[PDB]
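Structure data follow from query_0.pdb (PDB, C-alpha atoms):
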ATOM      1  CA  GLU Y1588     -25.741 -17.230 -37.143  1.00  0.00           C
ATOM      2  CA  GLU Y1589     -22.184 -18.064 -38.183  1.00  0.00           C
ATOM      3  CA  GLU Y1590     -21.661 -14.326 -38.250  1.00  0.00           C
ATOM      4  CA  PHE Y1591     -23.248 -14.204 -34.804  1.00  0.00           C
ATOM      5  CA  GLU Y1592     -20.876 -16.682 -33.173  1.00  0.00           C
ATOM      6  CA  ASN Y1593     -18.187 -14.257 -34.240  1.00  0.00           C
ATOM      7  CA  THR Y1594     -20.156 -11.523 -32.460  1.00  0.00           C
ATOM      8  CA  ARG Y1595     -20.499 -13.665 -29.347  1.00  0.00           C
ATOM      9  CA  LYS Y1596     -16.742 -14.292 -29.390  1.00  0.00           C
ATOM     10  CA  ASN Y1597     -16.273 -10.594 -30.061  1.00  0.00           C
ATOM     11  CA  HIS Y1598     -17.765  -9.315 -26.825  1.00  0.00           C
ATOM     12  CA  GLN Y1599     -16.825 -12.375 -24.797  1.00  0.00           C
ATOM     13  CA  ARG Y1600     -13.376 -10.956 -25.360  1.00  0.00           C
ATOM     14  CA  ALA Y1601     -14.759  -7.581 -24.307  1.00  0.00           C
ATOM     15  CA  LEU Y1602     -16.225  -9.001 -21.102  1.00  0.00           C
ATOM     16  CA  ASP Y1603     -13.075 -10.387 -19.502  1.00  0.00           C
ATOM     17  CA  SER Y1604     -11.019  -7.469 -20.817  1.00  0.00           C
ATOM     18  CA  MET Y1605     -13.047  -5.057 -18.704  1.00  0.00           C
ATOM     19  CA  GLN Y1606     -12.717  -7.618 -15.919  1.00  0.00           C
ATOM     20  CA  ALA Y1607      -8.963  -7.115 -16.224  1.00  0.00           C
ATOM     21  CA  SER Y1608      -9.527  -3.351 -16.147  1.00  0.00           C
ATOM     22  CA  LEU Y1609     -11.294  -3.836 -12.832  1.00  0.00           C
ATOM     23  CA  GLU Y1610      -8.402  -6.105 -11.846  1.00  0.00           C
ATOM     24  CA  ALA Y1611      -6.112  -3.128 -12.286  1.00  0.00           C
ATOM     25  CA  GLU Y1612      -8.526  -1.010 -10.259  1.00  0.00           C
ATOM     26  CA  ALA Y1613      -8.975  -3.711  -7.635  1.00  0.00           C
ATOM     27  CA  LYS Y1614      -5.197  -3.622  -7.414  1.00  0.00           C
ATOM     28  CA  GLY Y1615      -5.499   0.161  -7.486  1.00  0.00           C
ATOM     29  CA  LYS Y1616      -7.509   0.550  -4.300  1.00  0.00           C
ATOM     30  CA  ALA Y1617      -5.518  -2.276  -2.716  1.00  0.00           C
ATOM     31  CA  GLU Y1618      -2.124  -0.777  -1.915  1.00  0.00           C
ATOM     32  CA  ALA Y1619      -3.585   2.726  -1.690  1.00  0.00           C
ATOM     33  CA  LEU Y1620      -5.833   1.947   1.256  1.00  0.00           C
ATOM     34  CA  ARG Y1621      -3.002  -0.246   2.520  1.00  0.00           C
ATOM     35  CA  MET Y1622      -0.305   2.423   2.373  1.00  0.00           C
ATOM     36  CA  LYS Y1623      -2.710   4.870   3.970  1.00  0.00           C
ATOM     37  CA  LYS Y1624      -2.687   2.914   7.234  1.00  0.00           C
ATOM     38  CA  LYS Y1625       1.086   2.750   7.024  1.00  0.00           C
ATOM     39  CA  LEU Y1626       1.336   6.512   6.546  1.00  0.00           C
ATOM     40  CA  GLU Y1627      -1.518   7.302   8.941  1.00  0.00           C
ATOM     41  CA  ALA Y1628       0.570   5.623  11.615  1.00  0.00           C
ATOM     42  CA  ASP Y1629       3.508   7.783  10.549  1.00  0.00           C
ATOM     43  CA  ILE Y1630       1.618  11.076  10.772  1.00  0.00           C
ATOM     44  CA  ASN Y1631       0.677   9.989  14.263  1.00  0.00           C
ATOM     45  CA  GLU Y1632       4.248   8.824  14.831  1.00  0.00           C
ATOM     46  CA  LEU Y1633       5.858  12.178  14.108  1.00  0.00           C
ATOM     47  CA  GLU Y1634       3.350  13.931  16.362  1.00  0.00           C
ATOM     48  CA  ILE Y1635       4.603  12.139  19.465  1.00  0.00           C
TER      49      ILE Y1635
ATOM     50  CA  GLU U1588     -32.536 -13.994 -34.115  1.00  0.00           C
ATOM     51  CA  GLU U1589     -34.934 -14.038 -31.167  1.00  0.00           C
ATOM     52  CA  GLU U1590     -32.728 -16.601 -29.521  1.00  0.00           C
ATOM     53  CA  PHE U1591     -29.824 -14.237 -30.134  1.00  0.00           C
ATOM     54  CA  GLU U1592     -31.785 -11.065 -29.421  1.00  0.00           C
ATOM     55  CA  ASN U1593     -32.249 -11.937 -25.766  1.00  0.00           C
ATOM     56  CA  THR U1594     -28.599 -12.942 -25.452  1.00  0.00           C
ATOM     57  CA  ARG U1595     -27.658  -9.428 -26.471  1.00  0.00           C
ATOM     58  CA  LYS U1596     -30.196  -8.271 -23.887  1.00  0.00           C
ATOM     59  CA  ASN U1597     -28.460 -10.481 -21.347  1.00  0.00           C
ATOM     60  CA  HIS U1598     -24.939  -9.350 -22.168  1.00  0.00           C
ATOM     61  CA  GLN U1599     -25.880  -5.668 -22.293  1.00  0.00           C
ATOM     62  CA  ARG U1600     -26.988  -5.886 -18.684  1.00  0.00           C
ATOM     63  CA  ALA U1601     -23.846  -7.856 -17.887  1.00  0.00           C
ATOM     64  CA  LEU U1602     -21.551  -5.094 -19.148  1.00  0.00           C
ATOM     65  CA  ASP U1603     -23.811  -2.712 -17.251  1.00  0.00           C
ATOM     66  CA  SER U1604     -23.220  -4.782 -14.120  1.00  0.00           C
ATOM     67  CA  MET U1605     -19.485  -4.412 -14.546  1.00  0.00           C
ATOM     68  CA  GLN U1606     -19.668  -0.731 -15.512  1.00  0.00           C
ATOM     69  CA  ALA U1607     -21.362   0.027 -12.210  1.00  0.00           C
ATOM     70  CA  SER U1608     -18.312  -1.352 -10.425  1.00  0.00           C
ATOM     71  CA  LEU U1609     -15.917   0.676 -12.557  1.00  0.00           C
ATOM     72  CA  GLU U1610     -18.011   3.671 -11.572  1.00  0.00           C
ATOM     73  CA  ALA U1611     -17.355   2.642  -7.970  1.00  0.00           C
ATOM     74  CA  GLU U1612     -13.670   1.738  -8.129  1.00  0.00           C
ATOM     75  CA  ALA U1613     -12.854   4.943  -9.979  1.00  0.00           C
ATOM     76  CA  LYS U1614     -14.475   7.118  -7.320  1.00  0.00           C
ATOM     77  CA  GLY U1615     -12.950   4.983  -4.593  1.00  0.00           C
ATOM     78  CA  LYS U1616      -9.543   5.763  -6.034  1.00  0.00           C
ATOM     79  CA  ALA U1617     -10.706   9.373  -6.107  1.00  0.00           C
ATOM     80  CA  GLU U1618     -11.561   8.865  -2.453  1.00  0.00           C
ATOM     81  CA  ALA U1619      -8.054   7.522  -1.977  1.00  0.00           C
ATOM     82  CA  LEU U1620      -5.707   9.848  -3.851  1.00  0.00           C
ATOM     83  CA  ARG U1621      -7.524  12.959  -2.656  1.00  0.00           C
ATOM     84  CA  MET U1622      -7.111  11.763   0.924  1.00  0.00           C
ATOM     85  CA  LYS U1623      -3.547  10.774   0.092  1.00  0.00           C
ATOM     86  CA  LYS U1624      -2.570  14.384  -0.591  1.00  0.00           C
ATOM     87  CA  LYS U1625      -3.899  15.644   2.743  1.00  0.00           C
ATOM     88  CA  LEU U1626      -1.932  12.814   4.292  1.00  0.00           C
ATOM     89  CA  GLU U1627       1.057  13.914   2.212  1.00  0.00           C
ATOM     90  CA  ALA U1628       0.362  17.519   3.178  1.00  0.00           C
ATOM     91  CA  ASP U1629       1.010  16.695   6.821  1.00  0.00           C
ATOM     92  CA  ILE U1630       4.189  14.642   6.367  1.00  0.00           C
ATOM     93  CA  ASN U1631       5.837  17.573   4.634  1.00  0.00           C
ATOM     94  CA  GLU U1632       4.425  19.978   7.204  1.00  0.00           C
ATOM     95  CA  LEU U1633       5.344  17.913  10.248  1.00  0.00           C
ATOM     96  CA  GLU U1634       8.871  17.254   9.016  1.00  0.00           C
ATOM     97  CA  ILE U1635       9.242  20.969   8.315  1.00  0.00           C
TER      98      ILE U1635
END
Conversion result in structure tokens:
Amino acid sequence: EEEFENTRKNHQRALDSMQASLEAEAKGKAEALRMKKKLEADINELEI
Amino acid sequence: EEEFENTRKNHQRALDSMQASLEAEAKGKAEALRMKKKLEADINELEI
């Protein structure tokens, strides 16, 4: 079991690492859907 | 081991619960950047 508490601590690292990978992707959708509504105004702005 | 066997069975579904979201946030970015180009297709076309 002393080997196993290394294995617990092995993937407990792997859990919050993938959480940070989502944190990049949560940041990834964030400005993208944000800068859409900035540019979607602009493509309506040039039309007028 | 049977104490630690179910903990693996817990954590395997936990990583599965995160991997479902990374399946979502990838395709949501694919929903974004694909729609970004058609937005970027207009801003070149309207300014031309």
For the PyMOL selection byres ((chain U) within 7 of (chain Y)), applied here, can you spell out every residue it catches as a PyMOL selection string? chain U and resi 1602+1609+1612+1616+1619+1629-1630+1633
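Superposing chain U on chain Y by least squares over every C-alpha atom, paired in sequence order, leaves a C-alpha RMSD of 1.0 Å.
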As JSON, what would the box around region 1619-1627 of chain Y look like: edges along x, y and z, 3 Å added on every side, centre and edge lengths in Å to one decimal?
{"center_x": -2.2, "center_y": 3.5, "center_z": 3.6, "size_x": 13.2, "size_y": 13.5, "size_z": 16.6}
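Pairwise distance (CA of residue 1590 (chain Y), CA of residue 1589 (chain U)) equals 15.0 Å.
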Would you work out the distance separating CA of residue 1625 (chain Y) from CA of residue 1621 (chain U), expressed in Å to one decimal?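 Taking CA of residue 1625 (chain Y) as the start and CA of residue 1621 (chain U) as the end point, the length is 16.5 Å.
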What does the distance between CA of residue 1628 (chain Y) and CA of residue 1628 (chain U) come to in Å, to one decimal place?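 Separation between CA of residue 1628 (chain Y) and CA of residue 1628 (chain U): 14.6 Å.
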